[PDB]
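**Student:** below is the sequence, then the experimental coordinates.
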Amino acid sequence: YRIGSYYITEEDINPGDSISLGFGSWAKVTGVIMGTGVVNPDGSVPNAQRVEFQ
Amino acid sequence: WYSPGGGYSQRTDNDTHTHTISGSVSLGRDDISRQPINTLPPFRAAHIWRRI
């Protein structure tokens, strides 16, 4: 995941000009937790894997 | 009263009522008792709120 404010493709001459540039949705979350679990801290069941849509 | 006809006298002290009499009553119930608030089955229930 790469974040940039310039609307230039990663393979373009203006960009680094290497690799394939793909649109990324949302922010990257470190593998271990998924966020909302328990009102009082108990923790829910998180999700893992890369590319997996769940 | 048995509606008995007197031999010589007349029972003028007995009569049949026609309508009821409305009177003022005293106080009654004060208020309701305790009631439950919130759901016990939902207490400590895990809720998922993680964003995408």
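**Tutor:** Arrived safely. Numbers count the residues shown, from 1 in each chain, chains lettered A, B, ... in the order given.

**Student:** who are the contact partners of the residue nearest to residue A:44 when sequence neighbours are not counted?
**Tutor:** The spatially closest residue to residue A:44, leaving aside those adjacent along the chain, is residue A:37, at 3.1 Å (C-beta to C-beta, 6 or more residues apart in numbering or on different chains). All C-beta spots, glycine's among them, are computed from the backbone N, C-alpha and C. By C-beta atoms under 8 Å, 6 or more residues apart in numbering or on different chains, the residues touching residue A:37 are A:43, A:44, A:45, A:46, B:46, B:48, B:50.

**Student:** tabulate those residues (TSV), appending distance to residue B:18 and neighbour count.
**Tutor:** Formatted as TSV, the contacts of residue A:37 follow (distance: C-beta to C-beta, whole Å; neighbours: other C-beta atoms under 10 Å in any protein chain shown):
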residue	distance to residue B:18	neighbour count
A:43	80	11
A:44	77	16
A:45	80	8
A:46	84	14
B:46	72	13
B:48	74	12
B:50	79	13
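
**Student:** kindly reformat the residues you listed as JSON lines containing distance to residue A:29 and secondary structure.
**Tutor:** Listed next are these as JSON lines, based on distance: C-beta to C-beta, whole Å; DSSP: H, G, I helix; E, B strand; the rest coil:
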{"residue": "A:43", "distance to residue A:29": "15", "secondary structure": "coil"}
{"residue": "A:44", "distance to residue A:29": "14", "secondary structure": "coil"}
{"residue": "A:45", "distance to residue A:29": "15", "secondary structure": "coil"}
{"residue": "A:46", "distance to residue A:29": "9", "secondary structure": "coil"}
{"residue": "B:46", "distance to residue A:29": "19", "secondary structure": "coil"}
{"residue": "B:48", "distance to residue A:29": "14", "secondary structure": "coil"}
{"residue": "B:50", "distance to residue A:29": "8", "secondary structure": "coil"}
